[PDB]
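Below is one structure, written out as structure tokens; comments come after it.
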Amino acid sequence: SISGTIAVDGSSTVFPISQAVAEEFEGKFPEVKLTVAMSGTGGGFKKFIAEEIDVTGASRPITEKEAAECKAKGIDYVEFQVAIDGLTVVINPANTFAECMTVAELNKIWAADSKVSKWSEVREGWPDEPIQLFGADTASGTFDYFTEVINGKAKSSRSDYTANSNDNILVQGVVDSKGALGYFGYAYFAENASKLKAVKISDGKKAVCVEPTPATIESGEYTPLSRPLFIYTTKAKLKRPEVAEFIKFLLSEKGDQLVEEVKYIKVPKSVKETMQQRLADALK
């Protein structure tokens with residue numbers, strides 16, 4: 001006998017996990033109603049701190065300031081790492097000059113105020129040829145992630161590019177244009193790897209020309225375009241068995257399968273073990 005309402009909010013990037021787990025969970029437990037909102041990571045934490053929701057999805061860890069606001073209110077948050085989100089920047093395989101690019105160069109191309117139209121304008125000496133841009137639809141999770149880490153918190157980009165919700169169409173776009181530059185989730189690169197070239201990414205810090213692979217994503221070397229995703233709730237909310245049951249399913253092998261189903265990367269076994277043990281502690 002499991003029942004009640006669970007209010008979930010948070011990141012556009014955690015939304016697909018929360019919605020998918022909800023749809024599955026609701027079937028398995030018909031007396032549970034899940035409402036899933038998408039206020040953003042910060043927006044979700046704001047409602048979390050205001051105690052207006054039960055669970056919040058975050059595309060980054062809770063901040064020191066958010067954590068302090070939580071503690072001040074007696075809120076005992078529990079953090080669960082639930083997936084890894086990786087994005088690939090791709091070029092046409094015939095492109096041999098842009099094999100490694102910097103975040104700064106990607107920003108030069110994609111920024112809200114960028115008028116860049118030619119490769120020669122990105123880096124000295126590159127061909128005087130048009131860059132044909134492909135990317136995610138506005139305000140999709142992929143868009144939100146790419147723009148956040150490439151352009152900044154303003155979470156915007158130029159709008160003059162070929163945008164599509166269907167990543168298979170973006171793949172074909174890159175295949176068909178020698179001068180293409182595109183971005184989309186790693187899963188769509190991986191399954192088309194023989195037809196696409198993934199750009200190696202430098203971040204000006206510790207990441208120098210890092211190729212996106214399962215190894216570099218799992219080790220955290222591929223930054224900023226891969227990152228862990230989180231679900232937060234509180235110790236008090238976990239006393240409600242429907243909330244506890246929701247987290248349990250999320251961390252289970254079935255949860256991992258759903259994570260992959262929505263095209264994310266499931267967490268390493270060491271992460272899974274830790275999160276399960278963490279849930280067990282929170283229930284005491």
Side-chain angles (χ1 to χ4, degrees), residues 2-85 141 144 227-259 262 264 266-268 270-284:
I2 286 301
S3 73
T5 307
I6 310 170
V8 185
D9 202 335
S11 174
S12 67
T13 59
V14 182
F15 189 82
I17 298 174
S18 296
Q19 184 57 77
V21 175
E23 171 146 19
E24 253 275 315
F25 192 83
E26 283 195 348
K28 173 123 122 189
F29 297 123
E31 294 151 81
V32 192
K33 187 174 74 100
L34 281 291
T35 61
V36 187
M38 205 181 74
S39 299
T41 293
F45 273 125
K46 280 174 172 181
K47 299 209 185 183
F48 193 71
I49 290 158
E51 297 191 281
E52 295 159 348
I53 59 175
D54 301 322
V55 171
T56 195
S59 65
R60 53 151 174 80
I62 190 177
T63 69
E64 281 195 21
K65 183 179 179 182
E66 287 161 343
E69 289 196 31
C70 283
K71 288 199 74 141
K73 280 167 174 296
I75 302 181
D76 196 353
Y77 74 85
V78 189
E79 168 180 300
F80 296 104
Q81 186 178 332
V82 301
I84 293 175
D85 183 351
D144 286 351
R227 67 186 174 179
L229 299 186
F230 306 90
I231 282 281
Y232 286 83
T233 188
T234 79
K235 190 167 169 67
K237 300 279 186 179
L238 281 163
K239 289 176 186 288
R240 293 166 40 189
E242 77 273 13
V243 171
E245 198 52 40
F246 178 70
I247 298 297
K248 176 183 170 185
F249 180 76
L250 182 53
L251 303 182
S252 65
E253 183 66 24
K254 288 181 176 176
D256 297 334
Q257 279 166 9
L258 278 177
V259 159
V262 298
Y264 287 140
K266 69 176 180 175
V267 297
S270 69
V271 177
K272 177 176 182 179
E273 174 180 324
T274 295
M275 303 311 137
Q276 292 177 341
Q277 290 164 333
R278 191 174 289 174
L279 174 60
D281 270 347
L283 294 179
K284 298 172 177 178

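Heavy atoms only: backbone and side chains are in, while hydrogens, waters and symmetry mates are out. If you read the sequence from its start, that first residue is 1, and numbering goes on from there.
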Legend entry - Closest approach of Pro16 to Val262 (non-hydrogen atoms, all atoms of both residues): O-CG1, 3.9 Å
Inset, instruction - Kindly write out the residues that satisfy side chain to side chain donor-acceptor pair (under 3.5 Å) with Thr41, not counting sequence neighbours, or none if the list is empty. - result: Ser59
Inset, instruction - Return the set of residues passing salt bridge (charged side-chain N to carboxylate O under 4.0 Å, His left out) with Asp54 (not counting sequence neighbours), or none when no residue passes. - result: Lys237, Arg240
Legend entry - Main-chain N/O of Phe249 paired to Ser252 side chain as donor or acceptor, under 3.5 Å: yes
Inset, instruction - Applying side chain to side chain donor-acceptor pair (under 3.5 Å), name anything that partners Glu26, two or more places apart in sequence or on another chain. - result: none
Inset, instruction - Kindly say whether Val82 contributes a backbone atom to a donor-acceptor pair with the side chain of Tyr264 at under 3.5 angstrom? - result: no
Legend entry - Flag, side chain of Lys47 to backbone of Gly10, donor-acceptor distance under 3.5 Å: no
Legend entry - Exercise: identify the closest heavy-atom pair between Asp144 and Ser12: OD2-OG, 2.6 Å
Inset, instruction - Drop me the distance from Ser3's OG to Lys33's NZ, to the nearest 0.5 angstrom. - result: 13.0 Å
Legend entry - Pairwise side-chain contact, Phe48 with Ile75, heavy-atom cut-off 4.5 Å (strictly under): yes
Legend entry - Straight-line distance of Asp9 CG to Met38 CE, nearest 0.5 Å: 9.5 Å
Inset, instruction - Evaluate the side chain to side chain contact (heavy atoms under 4.5 Å, CB included) criterion for residues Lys28 and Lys254: first the C-alpha distance (whole Å), next the side-chain angles of each, then the deciding distance (0.1 Å), finally the verdict. - result: CA-CA 12 Å; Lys28 173 123 122 189; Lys254 288 181 176 176; 3.3 Å; yes
Legend entry - Stepwise salt bridge (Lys or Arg N to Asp or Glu O under 4.0 Å) test for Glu52 and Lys46: CA-CA 9 Å; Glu52 295 159 348; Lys46 280 174 172 181; over 6 Å; no
Legend entry - With sequence neighbours excluded, residues passing salt bridge (charged side-chain N to carboxylate O under 4.0 Å, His left out) with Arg60: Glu66
Legend entry - Among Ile247, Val55, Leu229, the one residue meeting side-chain contact (heavy atoms from CB on, under 4.5 Å) with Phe80: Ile247
Inset, instruction - Mind jotting down which residue pairs meet the side-chain hydrogen bond (donor to acceptor under 3.5 Å, both in side chains) criterion with at least one end in residues 71-85? Sequence neighbours excluded, please. - result: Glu79-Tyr232
Inset, instruction - Would you name the heavy atoms of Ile53 and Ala7 that are closest together and state the gap between them? - result: CB-O, 3.7 Å
Legend entry - Sidechain-backbone polar pair: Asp256 side chain, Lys266 backbone, donor-acceptor under 3.5 Å: no
Inset, instruction - Using a cut-off of 6.0 Å, state whether more than 12 heavy atoms not belonging to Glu64 lie near its atom CD. - result: no
Inset, instruction - Go through the structure and list residues passing side chain to side chain donor-acceptor pair (under 3.5 Å) with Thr234, not counting sequence neighbours. - result: none
Legend entry - 4.5 Å side-chain heavy-atom contact, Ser18 and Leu34: no
Inset, instruction - Let me see the working for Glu242 and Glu245 under side chain to side chain contact (heavy atoms under 4.5 Å, CB included), right down to the final yes or no. - result: CA-CA 5 Å; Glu242 77 273 13; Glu245 198 52 40; 5.6 Å; no
Inset, instruction - Heavy atoms only: give me the nearest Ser39-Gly44 pair and the separation to one decimal. - result: CB-N, 3.8 Å
Inset, instruction - May I have the step-by-step check of side chain to side chain contact (heavy atoms under 4.5 Å, CB included) for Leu238 and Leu279, ending in yes or no? - result: CA-CA 9 Å; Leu238 281 163; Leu279 174 60; 3.9 Å; yes
Legend entry - pair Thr56-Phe45: side-chain heavy atoms closer than 4.5 Å: yes
Legend entry - Pairwise side-chain contact, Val267 with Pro228, heavy-atom cut-off 4.5 Å (strictly under): no
Inset, instruction - Could you go through the side chain to side chain contact (heavy atoms under 4.5 Å, CB included) check for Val14 and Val8 one step at a time? - result: CA-CA 10 Å; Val14 182; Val8 185; over 6 Å; no
Legend entry - From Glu24 atom CD to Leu250 atom CG, the distance as rounded to the nearest 0.5 Å: 12.0 Å
